[PDB]
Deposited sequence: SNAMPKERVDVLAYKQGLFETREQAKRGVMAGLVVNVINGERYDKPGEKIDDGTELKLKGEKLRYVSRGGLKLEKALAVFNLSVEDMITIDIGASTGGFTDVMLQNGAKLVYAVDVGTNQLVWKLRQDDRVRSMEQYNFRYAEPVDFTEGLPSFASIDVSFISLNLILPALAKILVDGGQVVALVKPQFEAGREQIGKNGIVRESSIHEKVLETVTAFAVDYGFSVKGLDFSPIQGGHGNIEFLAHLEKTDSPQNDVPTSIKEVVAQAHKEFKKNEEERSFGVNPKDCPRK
């Protein structure tokens, strides 16, 4: 049978809370609910299938996983359409971003992940989806994408820098194609700048965004916009959203915006905590 884990620990592992102790308190406070049926968990130690998608009480969620909220925000704040497009979801995991793109009219989604048996079957088996698991995107070649190259890409990967994804993406994405990238300071910052794998400092967030935007341009992408992700990554990490475009004349359209985006992010997460 599917292995089982405590609800509280699973909520922590999925990033709903920053620590296991906070997760236990959160379940006790009725804050953890099942994504599929919306029912609250009452016992922190209830053992459930380790594939169970969880969310916080009151999160309005249309997708198979809470991570879809990240791409949902990005499509709205960058005014992006995927209607009738061939798209690629890099780091597809259980399917949140793929689901977002299907619901927003994508013609085809290549759902790429380095893991095994992650994508939920309703998405795997969708006529618009091409699941490509056990696939390391750093080694992508255009021949692998047999139904057409994509014109839109989403990236949400862990334990690797975008520095290792963007050059591969430049081989696969069509010229003029748009990208939404999750920029995760905990996987971008120097080993010296990372505190339990947590980057708390607004100054290090700014430096990460400067570094990432610069290498995006090096690899042939304009930076068209920046925002912050609506939910935290693991261990309370604030994450950012970057809107890129593949172009022969790349530039950073928003150099002076980094300090403000980092400030807004810290404000929103400070006011979320106090609430």
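J.: Spell out the unmodelled ranges of the deposited sequence for me, N- to C-terminal, numbering from the first residue.
T.: Unmodelled stretches: 1-2, 198, 279-291.
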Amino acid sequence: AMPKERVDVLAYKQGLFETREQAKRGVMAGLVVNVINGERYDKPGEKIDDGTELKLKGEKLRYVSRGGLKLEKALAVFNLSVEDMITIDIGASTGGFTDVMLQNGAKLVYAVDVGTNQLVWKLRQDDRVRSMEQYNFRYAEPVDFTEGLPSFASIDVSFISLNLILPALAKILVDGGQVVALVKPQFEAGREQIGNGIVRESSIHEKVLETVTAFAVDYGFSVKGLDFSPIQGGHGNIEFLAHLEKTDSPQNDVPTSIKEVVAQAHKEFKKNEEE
From here on, numbers count along this sequence of modelled residues.
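J.: Per the entry, where is the mean C-alpha temperature factor higher: 228-236 or 64-72?
T.: In the deposited entry, the stretch with the higher C-alpha B-factor mean is 228-236.
J.: Of the two stretches 120-128 and 180-188, which shows the higher Cα B-factor on average in the entry?
T.: Taking the mean C-alpha B-factor of 120-128 and of 180-188, the larger value falls to 180-188.
J.: Going by the deposited entry, which of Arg138, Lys171, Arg200, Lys107 has the highest CA temperature factor?
T.: Comparing C-alpha B-factors across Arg138, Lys171, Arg200, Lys107, the top value belongs to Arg200.
J.: Which one, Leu54, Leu31, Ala242, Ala216, has the peak C-alpha temperature factor per the PDB entry?
T.: Across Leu54, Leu31, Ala242, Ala216, the entry lists the biggest C-alpha B-factor for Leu31.
J.: Should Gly148 be placed in the lowest, middle or highest third of its chain by the C-alpha B factor in the entry?
T.: Middle third, going by the recorded CA B-factors of the chain.
J.: Taking the chain's C-alpha temperature factors as the reference, tell me which third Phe78 falls into: lowest, middle or highest.
T.: Its C-alpha B-factor belongs to the middle third of this chain's values.
J.: Quick check on the deposited entry: does the C-alpha B-factor of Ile204 sit in the lowest, middle or highest third of its chain?
T.: Highest third.
J.: Sorting the chain's modelled residues by C-alpha B-factor, tell me whether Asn196 ends up in the lowest, middle or highest third.
T.: Its C-alpha B-factor, which the entry lists for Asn196, ranks in the highest third among residues of this chain.
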